[PDB]
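Structure below is data11.cif: mmCIF, C-alpha atoms; chains and numbers go by the auth columns.
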```
data_input
#
loop_
_atom_site.group_PDB
_atom_site.id
_atom_site.type_symbol
_atom_site.label_atom_id
_atom_site.label_comp_id
_atom_site.label_asym_id
_atom_site.label_seq_id
_atom_site.Cartn_x
_atom_site.Cartn_y
_atom_site.Cartn_z
_atom_site.B_iso_or_equiv
_atom_site.auth_seq_id
_atom_site.auth_asym_id
ATOM 1 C CA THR A 1 -21.841 48.675 -95.235 0.00 10 A
ATOM 2 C CA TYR A 2 -18.860 51.009 -95.493 0.00 11 A
ATOM 3 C CA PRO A 3 -19.325 54.386 -93.794 0.00 12 A
ATOM 4 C CA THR A 4 -17.839 57.195 -95.851 0.00 13 A
ATOM 5 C CA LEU A 5 -17.488 60.939 -95.363 0.00 14 A
ATOM 6 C CA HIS A 6 -16.259 63.503 -97.872 0.00 15 A
ATOM 7 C CA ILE A 7 -15.119 66.704 -96.161 0.00 16 A
ATOM 8 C CA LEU A 8 -14.478 69.794 -98.263 0.00 17 A
ATOM 9 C CA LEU A 9 -11.929 71.943 -96.405 0.00 18 A
ATOM 10 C CA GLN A 10 -11.400 75.614 -97.286 0.00 19 A
ATOM 11 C CA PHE A 11 -8.596 77.639 -95.732 0.00 20 A
ATOM 12 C CA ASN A 12 -9.183 81.393 -95.888 0.00 21 A
ATOM 13 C CA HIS A 13 -8.310 84.544 -93.943 0.00 22 A
ATOM 14 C CA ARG A 14 -11.302 83.924 -91.647 0.00 23 A
ATOM 15 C CA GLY A 15 -10.150 80.412 -90.714 0.00 24 A
ATOM 16 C CA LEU A 16 -10.824 76.835 -91.828 0.00 25 A
ATOM 17 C CA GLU A 17 -14.260 75.777 -93.096 0.00 26 A
ATOM 18 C CA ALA A 18 -15.284 72.106 -93.113 0.00 27 A
ATOM 19 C CA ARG A 19 -18.309 70.994 -95.142 0.00 28 A
ATOM 20 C CA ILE A 20 -19.157 67.336 -94.576 0.00 29 A
ATOM 21 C CA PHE A 21 -20.856 65.362 -97.349 0.00 30 A
ATOM 22 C CA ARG A 22 -22.735 62.072 -97.132 0.00 31 A
ATOM 23 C CA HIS A 23 -23.835 60.407 -100.392 0.00 32 A
ATOM 24 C CA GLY A 24 -23.297 63.791 -102.050 0.00 33 A
ATOM 25 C CA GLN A 25 -25.636 65.599 -99.635 0.00 34 A
ATOM 26 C CA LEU A 26 -24.351 68.366 -97.381 0.00 35 A
ATOM 27 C CA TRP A 27 -24.828 66.775 -93.956 0.00 36 A
ATOM 28 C CA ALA A 28 -22.850 68.992 -91.564 0.00 37 A
ATOM 29 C CA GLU A 29 -20.689 72.096 -91.201 0.00 38 A
ATOM 30 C CA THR A 30 -18.029 73.194 -88.740 0.00 39 A
ATOM 31 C CA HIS A 31 -15.351 75.880 -88.505 0.00 40 A
ATOM 32 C CA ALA A 32 -11.872 76.147 -86.983 0.00 41 A
ATOM 33 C CA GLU A 33 -9.715 79.156 -86.065 0.00 42 A
ATOM 34 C CA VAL A 34 -6.930 77.910 -88.355 0.00 43 A
ATOM 35 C CA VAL A 35 -5.519 80.775 -90.448 0.00 44 A
ATOM 36 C CA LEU A 36 -2.724 79.579 -92.762 0.00 45 A
ATOM 37 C CA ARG A 37 -1.978 81.073 -96.184 0.00 46 A
ATOM 38 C CA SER A 38 0.861 78.925 -97.574 0.00 47 A
ATOM 39 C CA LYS A 39 0.341 75.440 -98.995 0.00 48 A
ATOM 40 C CA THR A 40 3.269 74.172 -96.898 0.00 49 A
ATOM 41 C CA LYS A 41 1.724 75.302 -93.606 0.00 50 A
ATOM 42 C CA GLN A 42 -1.747 74.108 -94.639 0.00 51 A
ATOM 43 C CA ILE A 43 -0.503 70.621 -95.524 0.00 52 A
ATOM 44 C CA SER A 44 1.630 70.531 -92.372 0.00 53 A
ATOM 45 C CA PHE A 45 -1.492 71.282 -90.325 0.00 54 A
ATOM 46 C CA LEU A 46 -3.462 68.660 -92.266 0.00 55 A
ATOM 47 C CA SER A 47 -0.798 66.022 -91.602 0.00 56 A
ATOM 48 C CA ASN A 48 0.005 66.796 -87.966 0.00 57 A
ATOM 49 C CA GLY A 49 -3.442 67.803 -86.705 0.00 58 A
ATOM 50 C CA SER A 50 -2.098 71.122 -85.394 0.00 59 A
ATOM 51 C CA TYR A 51 0.087 74.078 -86.259 0.00 60 A
ATOM 52 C CA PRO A 52 2.060 76.146 -83.738 0.00 61 A
ATOM 53 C CA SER A 53 1.658 79.726 -85.040 0.00 62 A
ATOM 54 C CA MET A 54 -1.256 81.020 -87.113 0.00 63 A
ATOM 55 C CA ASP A 55 -1.053 83.774 -89.717 0.00 64 A
ATOM 56 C CA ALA A 56 -2.830 87.118 -89.377 0.00 65 A
ATOM 57 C CA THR A 57 -6.367 87.608 -90.662 0.00 66 A
ATOM 58 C CA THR A 58 -6.064 90.142 -93.509 0.00 67 A
ATOM 59 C CA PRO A 59 -9.401 91.057 -95.149 0.00 68 A
ATOM 60 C CA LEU A 60 -7.622 93.276 -97.708 0.00 69 A
ATOM 61 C CA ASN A 61 -5.338 90.386 -98.749 0.00 70 A
ATOM 62 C CA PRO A 62 -7.752 87.424 -98.681 0.00 71 A
ATOM 63 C CA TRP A 63 -7.134 83.900 -99.927 0.00 72 A
ATOM 64 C CA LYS A 64 -8.985 80.665 -100.674 0.00 73 A
ATOM 65 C CA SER A 65 -7.286 77.247 -100.579 0.00 74 A
ATOM 66 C CA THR A 66 -9.342 74.068 -100.924 0.00 75 A
ATOM 67 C CA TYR A 67 -8.729 70.423 -99.989 0.00 76 A
ATOM 68 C CA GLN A 68 -10.874 67.287 -99.769 0.00 77 A
ATOM 69 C CA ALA A 69 -10.572 64.724 -96.978 0.00 78 A
ATOM 70 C CA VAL A 70 -12.037 61.280 -97.722 0.00 79 A
ATOM 71 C CA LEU A 71 -12.726 59.070 -94.687 0.00 80 A
ATOM 72 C CA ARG A 72 -13.583 55.380 -95.096 0.00 81 A
ATOM 73 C CA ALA A 73 -14.547 52.922 -92.342 0.00 82 A
ATOM 74 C CA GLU A 74 -13.210 49.669 -93.759 0.00 83 A
ATOM 75 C CA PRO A 75 -13.973 46.425 -91.863 0.00 84 A
ATOM 76 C CA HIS A 76 -10.899 46.525 -89.596 0.00 85 A
ATOM 77 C CA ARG A 77 -9.386 49.993 -90.113 0.00 86 A
ATOM 78 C CA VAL A 78 -10.237 53.633 -90.705 0.00 87 A
ATOM 79 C CA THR A 79 -8.413 55.552 -93.431 0.00 88 A
ATOM 80 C CA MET A 80 -8.263 59.254 -94.211 0.00 89 A
ATOM 81 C CA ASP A 81 -6.855 60.460 -97.533 0.00 90 A
ATOM 82 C CA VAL A 82 -6.591 64.217 -98.128 0.00 91 A
ATOM 83 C CA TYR A 83 -6.522 65.533 -101.698 0.00 92 A
ATOM 84 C CA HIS A 84 -5.630 68.913 -103.142 0.00 93 A
ATOM 85 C CA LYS A 85 -8.942 70.443 -104.305 0.00 94 A
ATOM 86 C CA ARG A 86 -10.777 67.122 -104.748 0.00 95 A
ATOM 87 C CA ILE A 87 -10.258 63.397 -105.247 0.00 96 A
ATOM 88 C CA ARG A 88 -9.573 62.801 -108.946 0.00 97 A
ATOM 89 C CA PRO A 89 -7.961 59.884 -110.824 0.00 98 A
ATOM 90 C CA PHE A 90 -4.968 61.829 -112.147 0.00 99 A
ATOM 91 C CA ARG A 91 -3.879 63.042 -108.672 0.00 100 A
ATOM 92 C CA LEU A 92 -2.673 61.280 -105.507 0.00 101 A
ATOM 93 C CA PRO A 93 -3.396 62.214 -101.865 0.00 102 A
ATOM 94 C CA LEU A 94 -1.250 64.830 -100.127 0.00 103 A
ATOM 95 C CA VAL A 95 -1.828 63.301 -96.674 0.00 104 A
ATOM 96 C CA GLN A 96 -2.400 59.659 -95.755 0.00 105 A
ATOM 97 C CA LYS A 97 -3.525 58.551 -92.301 0.00 106 A
ATOM 98 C CA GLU A 98 -4.713 55.208 -90.981 0.00 107 A
ATOM 99 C CA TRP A 99 -6.000 53.855 -87.669 0.00 108 A
ATOM 100 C CA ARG A 100 -6.412 50.263 -86.479 0.00 109 A
ATOM 101 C CA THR A 101 -9.990 50.710 -85.308 0.00 110 A
ATOM 102 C CA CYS A 102 -13.505 49.712 -86.330 0.00 111 A
ATOM 103 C CA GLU A 103 -16.184 52.388 -86.713 0.00 112 A
ATOM 104 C CA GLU A 104 -19.898 51.572 -86.867 0.00 113 A
ATOM 105 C CA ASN A 105 -21.238 54.745 -88.479 0.00 114 A
ATOM 106 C CA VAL A 106 -20.564 58.241 -89.821 0.00 115 A
ATOM 107 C CA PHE A 107 -20.711 59.723 -86.299 0.00 116 A
ATOM 108 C CA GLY A 108 -17.828 57.530 -85.171 0.00 117 A
ATOM 109 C CA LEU A 109 -16.036 58.243 -88.445 0.00 118 A
ATOM 110 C CA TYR A 110 -16.388 61.978 -87.771 0.00 119 A
ATOM 111 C CA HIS A 111 -15.023 61.491 -84.239 0.00 120 A
ATOM 112 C CA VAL A 112 -11.809 60.072 -85.725 0.00 121 A
ATOM 113 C CA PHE A 113 -11.458 63.130 -87.974 0.00 122 A
ATOM 114 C CA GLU A 114 -12.216 65.477 -85.061 0.00 123 A
ATOM 115 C CA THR A 115 -9.696 63.716 -82.810 0.00 124 A
ATOM 116 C CA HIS A 116 -6.896 64.022 -85.358 0.00 125 A
ATOM 117 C CA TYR A 117 -7.638 67.770 -85.464 0.00 126 A
ATOM 118 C CA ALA A 118 -8.256 67.832 -81.702 0.00 127 A
ATOM 119 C CA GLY A 119 -9.193 71.175 -80.134 0.00 128 A
ATOM 120 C CA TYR A 120 -9.837 73.023 -83.418 0.00 129 A
ATOM 121 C CA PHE A 121 -13.360 72.374 -84.784 0.00 130 A
ATOM 122 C CA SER A 122 -16.556 73.575 -83.100 0.00 131 A
ATOM 123 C CA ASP A 123 -19.542 71.244 -82.704 0.00 132 A
ATOM 124 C CA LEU A 124 -21.462 70.134 -85.786 0.00 133 A
ATOM 125 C CA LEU A 125 -24.285 72.060 -87.412 0.00 134 A
ATOM 126 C CA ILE A 126 -26.259 69.249 -89.083 0.00 135 A
ATOM 127 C CA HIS A 127 -28.724 69.335 -91.982 0.00 136 A
ATOM 128 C CA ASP A 128 -31.571 67.094 -93.138 0.00 137 A
ATOM 129 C CA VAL A 129 -30.552 64.200 -95.404 0.00 138 A
ATOM 130 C CA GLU A 130 -32.597 61.978 -97.745 0.00 139 A
ATOM 131 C CA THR A 131 -30.363 58.916 -98.078 0.00 140 A
ATOM 132 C CA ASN A 132 -29.772 57.325 -101.507 0.00 141 A
#
```

Rewritten as structure tokens:
Amino acid sequence: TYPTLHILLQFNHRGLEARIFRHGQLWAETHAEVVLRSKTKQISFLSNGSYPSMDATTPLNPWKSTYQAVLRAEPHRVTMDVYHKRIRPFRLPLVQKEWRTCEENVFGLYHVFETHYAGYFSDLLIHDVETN
């Protein structure tokens, strides 16, 4: 097996929304209080796992900025590649991260993601899945 998670990330004026997919099924959701309008600050947060100063929530000047994180648990490493909008063949990842660790399952693979963004995401709301 290879555990894989696809995480759709939306930055908006309300914060950062993570939707976690598993074989194309929405498996889990979480939210973070990460309010960042510019692409530069968003990608800096995505790379570093944190950002020092958040922007103001402005419901009259809203925004929507979307990224996709792809996590793979290869036999002797975990990788995370983050793509603008979604993984496509014409575009390359904005952020590349790698860890010398073995993960058994999607729950461990999510823990790696959550630990890179430590302190930000609330606990998972999880949904019924019908695998394959």

For this session: Please evaluate the PyMOL selection byres ((chain A and resi 74-88) around 7) against the structure above and give the resulting residues as a list in words.
Result: residues 11, 12, 13, 14, 15, 16, 17, 18, 19, 20, 21, 72, 73, 89, 90, 91, 92, 93, 94, 95, 96, 106, 107, 108, 109, 110, 111, 112 and 118 of chain A

How would you write, as a short mmCIF file (atom, residue, chain, number, x, y, z; two decimals) with C-alpha atoms, in the frame of the given file, the residues chosen by the PyMOL selection byres ((chain A and resi 44) around 10) on this structure?
```
data_model
loop_
_atom_site.label_atom_id
_atom_site.label_comp_id
_atom_site.auth_asym_id
_atom_site.auth_seq_id
_atom_site.Cartn_x
_atom_site.Cartn_y
_atom_site.Cartn_z
CA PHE A 20 -8.60 77.64 -95.73
CA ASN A 21 -9.18 81.39 -95.89
CA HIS A 22 -8.31 84.54 -93.94
CA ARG A 23 -11.30 83.92 -91.65
CA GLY A 24 -10.15 80.41 -90.71
CA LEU A 25 -10.82 76.83 -91.83
CA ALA A 41 -11.87 76.15 -86.98
CA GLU A 42 -9.72 79.16 -86.06
CA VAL A 43 -6.93 77.91 -88.36
CA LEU A 45 -2.72 79.58 -92.76
CA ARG A 46 -1.98 81.07 -96.18
CA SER A 47 0.86 78.92 -97.57
CA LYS A 50 1.72 75.30 -93.61
CA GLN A 51 -1.75 74.11 -94.64
CA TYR A 60 0.09 74.08 -86.26
CA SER A 62 1.66 79.73 -85.04
CA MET A 63 -1.26 81.02 -87.11
CA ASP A 64 -1.05 83.77 -89.72
CA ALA A 65 -2.83 87.12 -89.38
CA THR A 66 -6.37 87.61 -90.66
CA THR A 67 -6.06 90.14 -93.51
#
```

Problem set entry | Contacts of residue 36 in chain A within 10 Å, all atoms listed in the file, excl. fewer than 4 positions in-chain, as a list in words |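 Near residue 36 in chain A, the qualifying residues are residues 14, 15, 16, 28, 29, 30, 31, 32, 133, 134, 135, 136, 137, 138 and 139 of chain A.
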
For this session: Tell me, in Å to one decimal, how far CA of residue 128 in chain A is from CA of residue 113 in chain A.
Result: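 These two atoms are separated by 23.3 Å.
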
Problem set entry | Distance of CA of residue 59 in chain A from CA of residue 99 in chain A, expressed in Å to one decimal place |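 Distance reported for this atom pair: 28.5 Å.
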
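Take the candidates A:104, A:69, A:140, A:115 and check each one against residue 34 in chain A using only C-alpha atoms; the shortest distance goes to A:140.
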
Exercise. Nearest to residue 37 in chain A among A:49, A:55, A:122, A:132, with distances taken over all atoms listed in the file: which residue is it?
Worked result: A:132

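Note that CA of residue 120 in chain A and CA of residue 61 in chain A are 22.5 Å apart.
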